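Topology and contacts: notes
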Amino acid sequence: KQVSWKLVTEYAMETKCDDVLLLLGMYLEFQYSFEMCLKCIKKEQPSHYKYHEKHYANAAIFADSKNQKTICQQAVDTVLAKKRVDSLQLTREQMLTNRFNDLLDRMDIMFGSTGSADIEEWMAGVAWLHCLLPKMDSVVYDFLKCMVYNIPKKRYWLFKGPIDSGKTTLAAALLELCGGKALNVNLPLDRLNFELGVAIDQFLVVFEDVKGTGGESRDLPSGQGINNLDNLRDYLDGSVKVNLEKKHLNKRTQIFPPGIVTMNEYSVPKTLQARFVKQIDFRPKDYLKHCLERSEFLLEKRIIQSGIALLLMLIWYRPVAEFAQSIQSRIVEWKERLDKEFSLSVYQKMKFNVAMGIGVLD
Amino acid sequence: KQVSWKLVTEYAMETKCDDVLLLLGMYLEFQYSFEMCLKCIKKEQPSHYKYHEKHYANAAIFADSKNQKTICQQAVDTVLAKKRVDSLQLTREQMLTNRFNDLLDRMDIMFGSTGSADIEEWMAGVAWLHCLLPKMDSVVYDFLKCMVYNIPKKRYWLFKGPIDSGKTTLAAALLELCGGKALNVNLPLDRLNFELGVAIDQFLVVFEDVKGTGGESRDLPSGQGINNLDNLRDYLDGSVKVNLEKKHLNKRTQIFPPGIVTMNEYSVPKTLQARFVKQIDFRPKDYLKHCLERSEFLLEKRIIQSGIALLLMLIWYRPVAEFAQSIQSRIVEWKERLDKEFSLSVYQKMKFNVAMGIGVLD
Amino acid sequence: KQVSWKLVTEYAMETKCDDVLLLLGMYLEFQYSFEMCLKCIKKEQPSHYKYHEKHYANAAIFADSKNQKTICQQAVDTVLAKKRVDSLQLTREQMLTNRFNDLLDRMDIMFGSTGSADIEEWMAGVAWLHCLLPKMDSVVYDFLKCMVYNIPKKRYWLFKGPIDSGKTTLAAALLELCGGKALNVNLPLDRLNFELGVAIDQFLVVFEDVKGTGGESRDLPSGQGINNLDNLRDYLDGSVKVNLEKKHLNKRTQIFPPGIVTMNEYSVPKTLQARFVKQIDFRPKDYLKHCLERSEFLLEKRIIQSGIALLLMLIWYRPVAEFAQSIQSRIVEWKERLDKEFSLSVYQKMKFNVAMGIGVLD
Amino acid sequence: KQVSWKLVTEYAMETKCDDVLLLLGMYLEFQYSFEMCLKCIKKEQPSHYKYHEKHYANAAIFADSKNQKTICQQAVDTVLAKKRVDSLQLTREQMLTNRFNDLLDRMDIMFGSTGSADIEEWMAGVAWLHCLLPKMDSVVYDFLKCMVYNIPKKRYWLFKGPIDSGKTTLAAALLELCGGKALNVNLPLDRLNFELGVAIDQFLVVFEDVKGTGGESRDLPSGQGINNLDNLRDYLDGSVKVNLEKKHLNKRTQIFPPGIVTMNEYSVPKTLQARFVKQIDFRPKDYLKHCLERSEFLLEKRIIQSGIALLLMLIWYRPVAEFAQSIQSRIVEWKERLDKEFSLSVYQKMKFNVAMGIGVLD
Amino acid sequence: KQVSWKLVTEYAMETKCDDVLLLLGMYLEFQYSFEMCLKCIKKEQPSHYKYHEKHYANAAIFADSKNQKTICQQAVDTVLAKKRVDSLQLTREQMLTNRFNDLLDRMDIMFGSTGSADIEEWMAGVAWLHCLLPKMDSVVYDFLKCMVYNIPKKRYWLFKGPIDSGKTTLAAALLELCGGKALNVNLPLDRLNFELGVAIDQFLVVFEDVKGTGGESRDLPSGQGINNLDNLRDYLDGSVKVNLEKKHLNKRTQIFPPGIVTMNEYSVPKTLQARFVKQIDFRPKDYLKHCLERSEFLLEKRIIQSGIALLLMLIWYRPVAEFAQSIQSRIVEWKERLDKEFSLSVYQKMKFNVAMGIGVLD
DNA sequence: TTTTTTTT
Ligand SMILES: Nc1ncnc2c1ncn2[C@@H]1O[C@H](COP(=O)(O)OP(=O)(O)OP(=O)(O)O)[C@@H](O)[C@H]1O
Ligand SMILES: Nc1ncnc2c1ncn2[C@@H]1O[C@H](COP(=O)(O)OP(=O)(O)OP(=O)(O)O)[C@@H](O)[C@H]1O
Ligand SMILES: Nc1ncnc2c1ncn2[C@@H]1O[C@H](COP(=O)(O)OP(=O)(O)OP(=O)(O)O)[C@@H](O)[C@H]1O
Ligand SMILES: Nc1ncnc2c1ncn2[C@@H]1O[C@H](COP(=O)(O)OP(=O)(O)OP(=O)(O)O)[C@@H](O)[C@H]1O
Ligand SMILES: Nc1ncnc2c1ncn2[C@@H]1O[C@H](COP(=O)(O)OP(=O)(O)OP(=O)(O)O)[C@@H](O)[C@H]1O
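Residues numbered from 1 in each chain as written, not as in the entry; some residues may be left out. Chains lettered and ligands numbered in written order. Part of a larger assembly, values for the part shown. Heavy atoms only, no water.

The name given to chain A in the PDB entry is Large T antigen, with the source organism recorded as Betapolyomavirus macacae. As recorded in the PDB, this entry has the title "Active SV40 LTAg complex with DNA (3D variability component_002, frame_005)". Taken verbatim from the UniProt record of chain A, the Subcellular location comment is "Host nucleus". (UniProt positions renumbered as here; feature names shortened; annotations may be inferred.)

Each partner contributes residues to the interface: chain C has 40 residues there, and chain D has 38 residues. Its largest share of buried area at the contact with chain D, chain C owes to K66, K247 and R302 of chain C, together 19% of the area lost on that side. Across the contact surface, chain C and chain D share eight salt bridges. Note that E245 of chain D is salt-bridged to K247 of chain C, the shortest N-O span being 2.7 Å. (Contact = heavy atoms within 4.5 Å. Buried area = accessible area lost by both parts, 1.4 Å probe. Salt bridge = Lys/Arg side-chain N within 4 Å of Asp/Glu carboxyl O.)

Once that is clear, we can look at the packing of aromatic side chains. What characterises a pair of aromatic rings is the spacing of the ring centres plus the angle enclosed by the ring planes. Residues and elements named next belong to chain A. Summed over the entire model, instances satisfying the criterion amount to 64 aromatic pairs over all chains. Judged by centre distance (3.5 Å) and plane angle (5 degrees), the ring pair of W316 and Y347 falls under stacked. In this pair, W316 sits in helix α18 (residues 307-317) while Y347 sits in helix α20 (residues 344-355), placing the two residues 31 residues apart along the sequence. Take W316 and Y347: they sit in the same class, and that class is buried. Connected via pairs of aromatic rings, a cluster forms that spans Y11, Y27, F30, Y51 and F62. (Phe/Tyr/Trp six-rings, centres within 6.5 Å; stacked < 30°, edge-to-face > 60°. Helix = DSSP H or I, 4+ residues; strand = E, 2+ residues; numbered from the N terminus. Buried < 20%, exposed > 50% of the residue type's maximum accessible area, 1.4 Å probe, protein only.)

A separate point is the site of ligand 1. Residues and elements named next belong to chain A. Residues in contact with ligand 1 amount to 16 residues; listed here are only the nearest, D164, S165, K167, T168 and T169. Within the backbone of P162, an N or O atom sits 3.4 Å from an oxygen atom of ligand 1. Between ligand 1 and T169, the relevant distance is 2.5 Å, taken from an oxygen atom to a side-chain nitrogen or oxygen of the residue. Calculation on ligand 1 without its partners gives an accessible area of 650 Å², and the protein chains cover 77% of this total. Ranked by residues supplied to the shell around ligand 1, first place goes to helix α11 (residues 167-178) with three residues. Each residue belonging to the shell around ligand 1 can be placed in one class, and the counts come to six nonpolar, five polar and five charged. (Near = heavy atom within 4 Å. Polar contact = N/O pair within 3.5 Å; in protein donor to acceptor, adjacent residues only side chain to side chain. Areas by Shrake-Rupley, 256 points an atom, 1.4 Å probe, with all protein chains shown as cover. Nonpolar A, V, L, I, M, F, W, Y, C, P; charged D, E, K, R; others polar.)

Below, the discussion takes up the interface of chain B and chain A. The interface is formed by 19 residues belonging to chain B together with 22 residues belonging to chain A. Carbon and sulfur atoms make up 52% of the area that chain B and chain A hide from each other, which totals about 1,700 Å². Counting across the chain B and chain A interface gives three salt bridges. For the salt bridge of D64 of chain A with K6 of chain B, the shortest nitrogen-to-oxygen distance reads 2.9 Å. Every element with two or more residues in the side of chain B that touches chain A is listed here: α1 (5-15), α6 (68-89) and β5 (249-253) of chain B. For the side of chain B that touches chain A, the element with the highest residue contribution is α6 of chain B, accounting for nine residues.

It takes a turn of 58 degrees to lay chain C on chain D, together with a shift of 0.7 Å along the axis; the resulting RMSD is 0.7 Å. When the rotation and shift are considered jointly, the pair of chain copies conforms to a six-fold rotation axis. By C-alpha distance to the rotation axis, the residue of chain C lying nearest is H248 of chain C, at 7.7 Å. The fraction of interface residues of chain C whose copies in chain D are also interface residues is only 5%, indicating that the copies meet through different surfaces. (Least-squares fit on C-alpha atoms.)

Now for the pairing of β5 of chain B. All names here are of chain B. With three bridges joining them, strand β4 (residues 243-246) and β5 adopt antiparallel strand pairing. Across the sheet, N243 pairs through a bridge with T253, a residue of β5. Between the antiparallel neighbours β4 and β5 lie two residues, among them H248 with a positive phi of about 55 degrees. (Pairing = 2+ DSSP bridges.)

Residues and elements named next belong to chain A. Under the UniProt annotation, the feature "binding site: Zn(2+)" is placed at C37, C40, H48 and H52. Over a stretch of 16 residues, the named residues converge on one spot in the fold, their C-alpha atoms separated by at most 9.9 Å. Mapped onto the secondary structure, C37 falls in the loop between α2 (20-29) and α3 (38-42). The topology assignment puts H52 in helix α5 (residues 52-64). Classification of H52 by relative accessible area gives buried; the value is 0%. Those residues in contact with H52 that sit more than four places away from it in its chain are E29, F30, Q31, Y32, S33, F34, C37 and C40.

Lining the immediate environment of DNA strand F, one finds 23 residues, of which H248 of chain A, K247 of chain B, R191 and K247 of chain D together with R191 of chain E sit closest. If you look at DNA strand F and keep only atoms within 4 Å of the protein, 80% of those are sugar or phosphate atoms. Side-chain polar atom of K247 of chain A to a phosphate oxygen of DNA strand F: 2.8 Å apart, as the coordinates give it. Across the surface near DNA strand F, the residue classes break down as four nonpolar, five polar and 14 charged.

Our focus in this paragraph is the packing of helix α1 (residues 5-15) of chain C against helix α2 (residues 20-29) of chain C. All names here are of chain C. Running from N to C, α1 and α2 cross one another at 115 degrees; their axes reach a closest spacing of 11 Å. As summarised for this structure, α1 and α2 are arranged roughly perpendicular, according to the angle between their axes. Where α1 crosses over α2, the handedness of that crossing is right-handed. Here α1 contributes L7, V8, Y11 and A12 to the contact with α2, which in turn contributes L23, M26 and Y27. For the contact of α1 with α2, the class distribution of residues is seven nonpolar, no polar and no charged. (Axes fitted to C-alpha atoms, helices over the stretch in contact; angles between N-to-C directions. Parallel < 35°, antiparallel > 145°, perpendicular 65-115°, else oblique. Left-handed = near helix turned anticlockwise from the far one by under 90°.)

Bringing the layout of surface pockets into the picture now. In this structure, the second largest pocket occupies an estimated 690 Å³ of space. Elements that contribute at least two residues to the lining of the second largest pocket include exactly α2 (20-29) and α5 (52-64) of chain B together with α1 and α6 (68-89) of chain C. In terms of residue count, the dominant contributor to the lining of the second largest pocket is α1 of chain C (five residues). Broken down by class, the residue content of the lining of the second largest pocket amounts to nine nonpolar, 10 polar and seven charged. (1 Å grid on protein atoms, 1.4 Å probe; cavity = no way out; pocket = protein on both sides within 12 Å on 5 of 7 lines; lining within 4 Å. Points joined across faces, edges and corners; volume = space filled by probe spheres on them.)

This part covers the packing of α5 of chain A against helix α6 (residues 68-89) of chain A. All names here are of chain A. Between α5 and α6, the shortest axis-to-axis distance is 9 Å and the interhelical angle comes to 125 degrees. Taken together, the axes of α5 and α6 are oblique relative to one another. Contacts between α5 and α6 involve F62, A63 and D64 from the first element and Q68, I71 and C72 from the second. Partitioned by chemical class, the residues of the contact of α5 with α6 number four nonpolar, one polar and one charged.

Take a look at the structure:
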């Protein structure tokens, strides 16, 4: 009687483990007599206790195998192969369907029975978040499906404002739901070569503020960014594929991803302006700044720029129709909790505390 | 009859040995009869004498095998896989509890009949060390707290200060009390990414004299440290779960460990300079030199460099409630063994000698 | 019949061979009949003729093997493993005690029946060296004890003097005595990574003729030495462990070995002068050169720069008690040989010749 | 039936072949029926026709093997293993003796019944060489002794002169005589790593036309050679082992070989000038040019570059006593052959023609 | 039954294929029944249709092997081995003779019954090349002898003249005839190191279009190349061996190939002028230009660039005894074919048309 | 896969 390689591969698929050492370590834990398994008794980790009783007999024989890392290497390949099949064939819409569950599962880290951050802090985050912008949740949903459709030309939004205006931090929170990356163009022309190549294969992207020759009217440092950007037409418009670069490594050729430009109050030509769909003009705001200062557990528990907190803001405001259809079951499961655990009045109180610019939990 | 790879892997687990050459060398010692073994008789190394009598039979058969390095690879994999499981599943508290358990076990030897450490010399070390910064039994606890909570930008501290300011001496004991690694980035990083592979699965990492450029304005020779740092403005705050590279080996998506940057006082970029619990600094205290000039065990046995000395300091001062919850029996057991033979007066007899640069033993 | 991998492994341990090609080459010689092995009959190499007759039978079957490199690989691994086990367990006292036993075995052969050395010439070397500085032998004892204790940030010595003032000559002899390696600091600060990677497991290091800057006043062309040394201050301090470099291999972590540095009289940052415990300043002296001119065989046989010369000096000048207990037996026996073989008047005559600048013999 | 790997290893040893491809290619030729082997019948290559008949039967079975490159890999390694054994155990005199035996074997072929060489032409070459410098044969003897003795800080000879003064010609013949490598060190600092790597296990090295910077007053184009080389001070002196690097390999460590430096007429730092034991000026001379102009079969056949020419010069001029003891017998054979085939007057007539600038032969 | 690895190795030797994937792909084609193989029926590729029927059965079994790439690697190694044997053993005359046989075999196809070429158009090509220079066929014959003898200093030829006067056309045809590589010395001095690596094991090299300096006086753009060539005397004189380098390979040493230098009419340092055996001046000629306008099939089929055209020129003009002994039989047969298909009157009528600058054909 | 090459 012998190790079933098949059962190891099932576990690797079900865990979605794709690191050989990690698979090896965890599967060896099943070798002890399941019936007393104290990790099961404690209900520590589901990726153990949901599986040990099934996998036990095979794990005993696994521990006696002389070949262990070879079994695990094949199992890890099966998981990576699955990703690469899907990476080819799936739509941006279905890929966002990951991004939802990619966070709807992380919600349980705080709000499952471990409770390891109080959900009400995230509601206070959701309050502070929704106070940050006019129509904030619609402005989210606008930007969201704007990225899903990836419509050529009609792609890029400009986050203008003063310094310390929350724009990049909002973009960072927004990026949390989907990933993506920020990038620089104030660099000299040669540095752009590899710099632009950084963007390769990101689902969404951002730019850092420019340094732009006219900005020092405000003393906004008058670097190359503006003039550089006005040359870089086609990447933005996304009409056609373009080539991209890596140090010591070969070029790649793809349609350039969609994204956001952060900027401060530089002057601009009509040409570069016309590239954009839309401009936003952020500012720091009197209640909302002092609110966080009075409410810093939101900063402390990393809530303020969490896509989980965007996601809860979404589940709050947006109707079930707005969500990836089969996931709606999980959305309503969250709506059910959210609307039961929280009265409107706590949400009212929280948001109104932000309207007093004061501690959002009170 | 056959080599048991199982019995080998037990020894690797129980020694926590994680080098294939060390492991191989170690096990081959057992091939002689423990019944006669001079090392067993001499009680020189526990990693031998605890085990020789058990493994002798298996080691004899291991000694004939033709696969010897392969057995040791699989055993080392098992030990490293165990670490990787703990890496992700444990709370930061349990990690420190593990670490302290090991220091405690070693101290049980040190001041056991065999370990031949003078606890008064060690406590003279404790006296000297608390004089290195009179705050430190608090500030150490503040550091430990902040590390366990792992809070962004509070994830880092600065140790500015010139030579012979002690910033090394403290970082040394602290990086022993914790698990962790030193690191450097003095150079343009285009090929240098694999150095951050050392940050994989670390509780803590530390930087020292990561050079500024332009510090030659104040006689600190220029180097690319600050320039790399204030580009990668993330990892003092702690945001991207970078996929850490390793030579010929798998690579590890994680947020970078928390830490400290230590330096002889270069000029520093402003956006970087924010990213700490404390921008804080170390100033030479000649009387501490005067003490060690008069207090020589403390360097000769490296006592003042040791996490062991910090642990002794914490046992002495801190209330048991401040410790991790579960281990506290061992904490009182040692508090007893300290208070049994240290009065405050004798501890002060050490302490104020240091404070006035007098020799500690008296 | 079948290869005894065990007998091969014995020979590698016996010889301390650790190059697989050298091991292979050596073992193959044993395929021919020791019974007429001309090397044995010439008694030319001990690592051959001591072993040939024992290993002959196994080597005949090894000569047919298809695995040969694999058998040698495992044998070399066993020798390497023993070295790492020793690095992690021996006191530096024992390490040096073992090193002395190896050199004393070489001296047995050199002055044995094959005896190809002449003890008169070697002791002429001792007289020349002992004349090179006042109280020479006491300075060697200081250096050795310093390297044995390895007390941190008090563990490097620096030699200064013009060219051909003999500082390199002395350093070479010391390095053979302890075992260790030379390395070059006069490089771009970048280059040092796989340079210092050689210091792994070494007992001692030496850095040569370090180019300061501004010495061209003194006709000394400026360079990188002072830069790279005054960078690597922690390596001098020895307070903390470092990670070290090797190709196609993971890093290894350890404290850096103590050592010696040499210079022509460049500029000195006193940040380094604080770290050197000691300096010794060398001057060229004509009579030593005139002696050498008339005494070519010293250089031609490399005597004055061999650590075997230093060992003879110490055996001459030091009490038996200064040596570790086990070798005191051998030390006594070498004092016996010396006293039998030299009258004191002979040594006095030789040192008198050295002083006069005649050739040492007459 | 099976391949005899032993016979392949024999063939590799007996041909000293150490390229796996060349070994393979050679060995495969034997598979055809020896009795018709046209290469044998035409006696074109000795490393074929000596061995084909012996190896034939095993070559046929080797031709069927599925494993051919593995078999060759084992054979090549034993040839390499022998070289390393010898590198650590022969005297420098014995090495030169072995090298001489090899050239003498080649001379037996060149001036055989087979073999193209006209001994009168090669002896004409010797006349031109002995004319190039005063006491040419004594100069060669002095250099050979210096290379055998390898005395530290007295190891390197400097050739300088105008262009077309003879320097690389003479270096070529010396290098062919002793064996060794040429190196170019006018390079940038980085590639020197692998460049100096070439010296591993070599007997001599030669540095080609090292450029000074400056001195373009002499119409000498500038370059880094001299300034670069003065950093390598240690490598010339050869007082201590140095660590050396090849691509994709971990460092070797050995004493850096002795050798020759050639340059056009730059000026040199005293630090470097002091390290040359000897300097030879080369001066263009009109009659050598007009002689060579009339005698160009010397150039066409490369006679004056060849170490065979220098060896013939030594056999003509030097006493039998000066050769190492075992070669003295073959030296007497060749001296006899030479005297039998040339009177002194014929040789003196050649020298006389060269001094006239007339064509050598008459 | 089993795959014959021998039949594959024969096919590789037969086709001289030394690319594993090309070897692999072609062998697989044979697995279908040659009897209906349309590539056979079309007689489309000689590498296929000559061999399919013979290898059919082995290809069928090969198609089921699980070891396919292993078989191919051993086969390809055999072809590489043969080349390296020949590189060391053959004379330069045999090399050229082998090369000529290859071209003659392609001509037998090109002008065969299957032959897609027209021998009349290729003869028209020969007429145009014969007009490019005076005594063209004598010039070619001189060049080849100069290459075969490879006599030191007398090794290199210079082509110069205005742009569009055919120099690179002739270079390309000669390079095809002998085989070799083009090189670009106009680089800066660093990567020039890897550039020359291309010359390894080549029979012949071409230095394309060496840019001078100060020719801007006559509208020539300045560049590095000439200065780089003055830095390479020995590579051209070919008197002594030199080191050569490739990416990811350790250096090799050989005599650098003979070759051709080409330039527009910059001025040439007399240092460099001395390298060259011969200089050939190209002049633009209008009647060639007008002829090319009319006989475009020359350019369109790339006739005038091809070494096959030069070989036809040699066959048509040169006496049989000038060719290497073995191929004289084939040469006689091709002369006979050419004498059959063309009267001298026809050929001279072609030459007359070119001299008129009218189209070649009437 | 690194290391070397690329990158600087
Ligand atoms: N309206 C606001 N209310 C509260 N805090 C705010 C507000 N605007 C900005 N801040 C604070 O400003 C800090 C910086 O925000 P962020 O980096 O996103 O700004 P930015 O405008 O993109 O920056 P900059 O353009 O200066 O680089 C954050 O801590 C954020 O909370
Ligand atoms: N505050 C201090 N005052 C005086 N001596 C000190 C002080 N701190 C450490 N020392 C002593 O000076 C030496 C160096 O101490 P340490 O390495 O910890 O300082 P550092 O500031 O980190 O120095 P460096 O930057 O040179 O490594 C040691 O011998 C130590 O005993
Ligand atoms: N003190 C001395 N007096 C006279 N001659 C000396 C002296 N020391 C060395 N020599 C001679 O100088 C030669 C080289 O000595 P050594 O290399 O040790 O000198 P150094 O000063 O260390 O030189 P460098 O800085 O070049 O390495 C010795 O072999 C010996 O011939
Ligand atoms: N002493 C001499 N007098 C006249 N002509 C010489 C002399 N030595 C050499 N020659 C001629 O000069 C040519 C080149 O000489 P060599 O190959 O030694 O070059 P070099 O320029 O002197 O040396 P290097 O390239 O090392 O600087 C020889 O082939 C020969 O034709
Ligand atoms: N002698 C000639 N007279 C007139 N036109 C010529 C002559 N030789 C070549 N041509 C024309 O010049 C074109 C280019 O020829 P080719 O490429 O050999 O010129 P080149 O001067 O050697 O070029 P380059 O120096 O740029 O490599 C030919 O295709 C032909 O049309």
